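Protein chains in written order, with our numbering: chain A, 197 to 244; chain B, 510 to 558; chain C, 227 to 660; chain D, 3 to 437; chain E, 47 to 482; chain F, 499 to 546; chain G, 197 to 244; chain H, 541 to 588.
C-beta: ideal position from N, C-alpha, C; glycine also.
Here's the structure we're looking at; comments come further down.
Structural data, given as C-alpha cells:
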C-alpha cells in the first residue's frame, strides 16, 4: 500500500505459481534453499 | 495490542469525510457463561480523539 | 561590628571593589519568553518483549522537545542482590534519527559507562532508584522503572529539538530491548521460568511556545551545537596470570572530540567492569562458604576497589606519537574524573579528556580526529596472578597485579563524545558533518 | 604531545574555534561594591516554650538582610532513634510580615518537604546535623540546633531585603513553636516527664553597604521579584484495603506558580510520608519480635522505599482539563526531581513542576492560577492490602499496592510556590499582587 | 488542554516574568573559543624521595600556560585496613610555590586536610579520599598509587592558568617536604614499622598549548591575574582543663583582603585528629569493645561529625579591638557557616568564618583587609574536659558546654587565612602586587 | 626438544615443541627525520 | 627528549636486536665484555 | 647554560597523508530532502 492505497498483493500460492513458471535452474534451487529444508534435516531442526 | 497496553492509530486520508468507527477485538473466555460482562467494552478502557 | 570590616579599605581593595561593576545584593532577572511544558506519551510501534526491536515516531503535539524517559515494568526473577540496574540493561540501545539520518546512538553499556563516569551524589542514587531495586526487594516484586535518555536534547532545553522547524522531517527513536536482563528473566546463564515480559512506554516532554516564539522557530534557520556518541567494540587483549597483556587499538573516531571513555568487561554480566573476588561485595556469596568468584554479587556488581581493575596503564598516540606520557589505569579511573567531572568513577571505567570541562555543554577544547590519520589507544594490563578466592591475596597485593578472574574481562568498549552541528532550515535538517 | 592536537585542525573546527570569541585562560572577575556581613542577635518576644507563639522585629542594624537562623536548644527525652529532625518539628511555622502586610509563611512540614525535594547530598546531611541528633546521642544529650529560614531573601544575596529602603515599615518574623516534639517532650502520644523547655534565639545576618550603594538602596524605588509559598491542608481520600480511592482536590492557588509539591502523611508522626512496616528502619523495632507497625523508627522515619507510599497516579487539571498525561506516583517521586532538581526525593513526597528549573531563583515557566477558574490535583491511591508485619508481602508485592498501615496516612499537604513582586517605595512596601 | 492551556492563561502577573522577553531557554548560543590543547607531562624531581626528605622541581616549559598539578606517590601499608588516614596527604607535609626565586604561596598537609574538610563534598570528597587513602579495607603489605592534586590558584581553574610563557626570565618551582612519618605506612603511633618501604614520587603538570595568536599575545602582553594565597601559622592551644573553661585570645598576624578564616584544633600525634577520642563507635581504636582505648584513634575514621568530642565552646573575631560579630557557639562555625557559605558538611573540630558571601568560589565576594587592621584577634572559649571518654554513656548523653577528658590531648591550633593578591607578569618576569 | 636426534636431524618447515614459548613479537623500524635547530632552540621537522 | 619533544627511544630488547644485526666480530665481543661476565666469573663477583 | 629556566617546546609538522575523512559528509554538499512526519497527505492513488 502506497499513500494509504493498495497498489498490489501477492499470495503464498502466487509465490508458488510464480516460482513454478518463472524461476529456474539454480535460481529455483537457491530460492528453495531459502524457504525449505532440503538436506534431510530432522524434527526440531531450526532454520532461518 | 494486549492487556494494559497503550496503542494508537492515525486515520488515513483515504476518503474525504469520516463517520462511523468500529473497533474490533478478538477475545477468549477464561471461564464459562456467566463469568463475563461486556468484556470488549471493558477492554477498550478509553479512547482519545 | 560589620562596620569594622567595611571601614578597613585600602590600596589592596582597588582590585576587588574599585570602580564597582556589580553587586551581589540585587538580582536582575531576565524576562523570558512565554512557554509551557507537557509530558505526552508516545506510541511505540512493534511488539515489546525481551530481545525485540521497537520504535517510536515523536508526535507533533508541541513545538520543541527535550526530556525523554522510557518506562519499563519489570518483575524480579529472584531475591534482593540478584539485579543490577536492570532497566538500564534492558534498553540495549537507542538510535536517534531525523529525516532518516542517524544523529546519534546509545548503548546500555554507554548508559552504564556514562552514569558511572558523569553522574554523581544523590542524582546518581536517584538514578539507580529509577532503574533498579534498591530497598532489598524480593522475588516477584514489580516496579516501574524510568530510563531517561541522554541525547543532547534530553539534557538541556538549550538544545531542544525544534520539531516545529522540521515541518518536513520525521523524528524517531529506535529502541532495542536486551534478550536478557539479569535477575529479571535470567540469572547468569540460566533462564528464569515464569519471568514476565516488560511493559514499555516512551514519554516525551514537549515545549509549547507562544505565538511569536513559535513563528520564529517555524520560519528561521537554526544551528544547534550538539553532542554525538561514537562507539565501537573491541576484543580486550586477554589478561593473563603469566605475563602482562598489552594492546594497541586503532581508534576509529572522527569529528572534534570532547573526550574518550572506555571500559573493560565480562560481557556475561552487565556492568562487570572489574574482576570478581572473595571479599565483601566482590562476588556472589563473598565472605562465606558458598562464595564463588565465577559469578558477581549482582546487586553490588560495580565497585570502587581498583585492585580488581585490570588496566595497568594507558596512553593515546596520534600518528605514532604519544599525546601525553603514559599514566597508570588508576590515573584514568580517579584523576581524570577528579579534574574534569568531580564525581567518583567505578573501577574498570576510564576517562581521558581533551576538554577542560567535558561534563559541560560548552566545547571547552576538543580533539578533531577527522584530521588525525592514526589515533591509537595503547593499553597495558595487570598480571592476573592473585588468587581471587583468598582475601589476603586479594587485598594485600601490589600495583601491577590483579585477580585471576580478571582474565574474563575480555570485552572492550571504547566510546567517544564529540561535537557536531544540527542545522535546520526550510522545514528540514541534518548534521553539518556526517 | 599537546601540539599534535592543535595541528589537527580543519573544516569541522569552524564552529568551535573559528572567529574565536573567548578564551578560558584569562578569566575576568567583576569588580564589586564594598560591603561587610554581620551576624547580630535579635530579641525574641513572648514566652518561649512548647506550643507558644513568639515573635521578633528585625532591627535596622545594617542596610540589607539575607540569611536568618533561628537557634534552639533541645534535649533528648529518650535514646537514639527517638527523634527526627526535632528542631525542624519544633519550629511549627514562621511568618514574614512587612508594614503589617503578610509576605509569606513556612510550616515545619514545608521545611521537611522543601528539604526532601531541594536539599541534597552533604548539604542535606549538614542540614540534618543542624536540626537533629545524628551521632547516636543518648537520653539527656543537649544540643544547639540551627534552623535557617527559607524565605526568598534567606536563600540568595540577590534578594537581600532592603531594610534601609523600608524606613517607615517594620519587618517582623512570627514563629509558632510546636506543642510537642517527638523524642524531646513526647514519645508518640505520651508526654515525657521532666522534659525541658526549649531555649530560643533569632539571628539575622546583615549586609553593611558603602555610601554610594547604601544611598541608592535607601532612595530608589524597588521591585523585587520574590517567591511565596501557598499552602492548604486537605483530607486524603484514604485508600482502602479493598478498593482504590480517588480524589480531585480543588487547588485554591493563585499567581504564576513555579511548581506544586505535596505529600501524604500521618499527623501523629512528624515526617512520616510512608506506611510503617516490619522491614529494617520502617517501624519501631522493625526486623524483630517487638516490631510494631503502629509506631515509626523515628530516627529512620524517612525512606526511599516508594512501595510504602500511597500514590498510584496523579494529574493536574486546569479549567477542568488535563494539563499533562496521568503519571504514576513514582514519576512524581523519582522523575520529576531527577529532571528538575537533581537530588533524591524520599518516598511519599511528590513534585510537579510547571518550570524548567524550579530549584533556581530565576523564573523559567509558570502556571498562572490567577487566570484559571478551577484546577484540581487528581489523585488515585494504591490498595492498602499488604500485611505490613510480613517482609515477604512488603517487599515481594506489586506496583499498585501498599501496606495496610498506609491507611494511617490520612492527611494531605499541598504546596505551591509562585512569583510575586515586592515593591519598596518611599520607605514603605508590600506586594504588588493581592491574588 | 495540555501545555497550550498554560500558555493561554496569561494576565497581569505574567508581564513581570515574560513581557517584552529578553531571553529564551531554547536557544543556547555557545561561544567560539581559542585553539588550545592539554598535555600531562612528568617533571624532574630533584633531591631524594623518602620519608622526611625534601625534593623539588622546576616546572618545564613544554607548554605555554599551566593548571592542574598532581603529585603521585606509591605507598605501602605498614598495618591493616583502618590503620591509615589520608596517608598521601600526611606525607605531602608541605608544598612551596616559587616564581623567579620568590615564594608566592605555601600549603601544608594540614591545610590539605582542612581544605578538604571544608570545601570538597559528596562524591568529590569520596573520590578525593580514594586518591589519597586505602578505602576498600586493603591489608598489610598492600601497595597503592596515590594522587594528591595541588590546590594553588592555578591548580583550581584554567582561568588563572599560570602564564609560564610570559615568565621567560623566571623559573617556576615547587618545593616539597615529605613527612618523616606517616601513620599506618612507616609508623604506628610512635613505633616505627620495620621493613616499611620508602615512597616513590612523581610530579605531573598539565600544560596548555596555545595556538599562534593566543600564544603570541600571552608572550608579549603584561598580565594581572587575581589570585589566592594561603596565610598560616601554628599556635599553642589554650588546652581546656577538666576543671573549667579555658579561654584564649590569639593575635592573628595576617594581612591582605581575606576571603575567610579557618581553623582547627588538633593532636599533632595523629594526622587529621581534630576531636577528642572516645569509646563510642568510630571515635577510638577498638571503640565499642573491651579493647577500646582512648589514647589511640580509629585511624581510618579519625575525622567525625560528633561535635561532643570537639573543643570549641564559642568564639568571636575582633578587628582593631572591636567585635566583628556577636559571639557564636563552636557549632555555629562548624555547621552554619559552611551551610551558608559552601554547601557541604564540615567535620567536627574544623571551623570556618567567612568574610565572603561565597568563599568556595574564585570570584571575590567580600573580604576582610587585614593590611589595615592592627589588632585582629581570634577569641576562643573552650569546653570543659569533664566527660569520661571511656564510657560511651558519659559521652553520648553529655551537654553543650562539655567534652571528653581526652579532649585535652588537642594541644595544637592551626589558623588559616585565605586572601587575594595580584600576580603581575611583565617583560618576561613576574611578582606580586602586594607584599603586605 | 629433549631428543637431539629429533632436534638436529629434522626438516626445514619444523621446529621445537618448545618454540611455542616464543610468544612475544618485537617489530622495529629505523627511519630518517630532521632535527632542526634555529635561534637557540630546536626539534623535529616532521611528526609522522 | 630535546626541547620537551621526544626525539627518540631505545629498549633493552632493541639494544639486543641492534647488536644481533649491526655489531660484529671483536666489536661485538668487546661490547659483550661491557654488558656481561665473560671470563667464567662466579657468584658474588662484582663488575663495572 | 642559557636554558636555566625554560623554553617552549617547538611545534612539529603534522601532515595528514592518509584519508581519515571516510565516514563524514558535508551538509553543504548533500542537503537533506523532505520526508513525511505525521501530516500525511491524501491517498491520491485513486486512479480512474
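The beta carbon of residue 206/D sits closer than 7 Å to those of 42, 44, 60, 67, 70, all from its chain and outside the five residues before and after it, given in chain order. Residue burial is scored here from C-beta neighbours: residue 579/H has fewer than 16 other C-beta atoms within 10 angstroms and is therefore classed as exposed. Secondary structure remark: continuous alpha helix (DSSP H) runs of at least 4 residues inside the region 522–576 of chain C, in chain order: 562–566.
Counting C-beta atoms within 10 angstroms of its own C-beta, residue 184/E has 16 or more neighbours from the protein chains shown and is therefore classed as buried. Under the criterion of beta carbons closer than 8 Å, residue 135/D and residue 82/D qualify as touching, at roughly 7 Å. Think of a sphere of 7 Å around the beta carbon of residue 584/H: the chain A residues whose beta carbon falls inside it are 199, in chain order. Any Cβ of chain C closer than 8 Å to the Cβ of residue 516/B would place that residue at the interface, and such an atom is present. If you check the CB distance, residue 456/E and residue 350/E do not come in under 8 Å.
DSSP places residue 602/C outside any alpha helix (DSSP H); the residue lies instead in the beta strand (DSSP E), whose first and last residues are 601–607.
Here residue 322/E carries a coil assignment [DSSP, helix/strand/coil]. When secondary structure is reduced to three states using DSSP, residue 132/D falls in the helix class. Separation of residue 205/E and residue 9/D (C-alpha to C-alpha, rounded to the nearest whole angstrom) is 23 Å. Residues of the region 214–230 of chain D with a Cβ closer than 7 Å to any Cβ of chain C, in chain order: 215, 227. Chain H places a beta carbon closer than 8 Å to that of residue 544/F, counting this residue as a contact. In the structure shown, the three-state DSSP call for residue 366/C is coil.
Put simply, the CB of residue 229/C is near chain D, with a gap under 8 Å to one of its CB atoms. Within a 10 Å sphere around the beta-carbon of residue 148/E sit fewer than 16 other beta-carbons, which makes this residue exposed. Residue state for residue 419/C is assigned as coil, using DSSP reduced to three classes. For the C-beta of residue 239/C, the chain E residues within less than 7 Å are, from N- to C-terminus, 303, 415. Interface annotation, residue 283/C: in contact with chain H, CB-CB separation under 8 Å. A direct Cα-Cα distance of roughly 19 Å separates residue 568/C from residue 642/C. Here the C-alpha atom of residue 436/C lies approximately 8 Å from the C-alpha atom of residue 262/C.
Taking a beta-carbon distance threshold of 8 Å, residue 114/E does not count as an interface residue toward chain H. When secondary structure is reduced to three states using DSSP, residue 534/B falls in the coil class, being assigned neither helix nor strand. Put simply, the backbone Cα of residue 511/B is about 23 Å away from that of residue 382/D.
Pairing residue 501/C with residue 632/C gives a Cβ-Cβ distance under 8 Å. Here residue 221/E is not near residue 227/E, since their CB atoms are 8 Å or more apart. In this structure, DSSP gives residue 40/D an extended state, which the three-state scheme calls strand. For residue 554/H, the neighbours in chain F by C-beta distance under 9 Å run, in chain order, 544, 545, 546. Shown here, residue 482/C sits in a strand according to DSSP, grouped into three states. Non-local C-beta neighbours of residue 549/B in its own chain, meaning closer than 7 Å and more than five positions away in sequence, comprise 534, 536, ordered along the chain.
Contact of residue 542/C with chain H is not assigned, every C-beta pair being separated by 8 Å or more. Residue 469/E carries a strand assignment under DSSP once its states are collapsed to helix, strand and coil. In the three-state reduction of the DSSP assignment, residue 265/D falls in the strand class, which pools E and B.
At a cut-off of 8 Å between beta-carbon atoms, residue 217/E makes contact with chain H. Residues of chain C whose Cβ lies closer than 8 Å to the Cβ of residue 345/D are, in chain order, 348, 349, 352.
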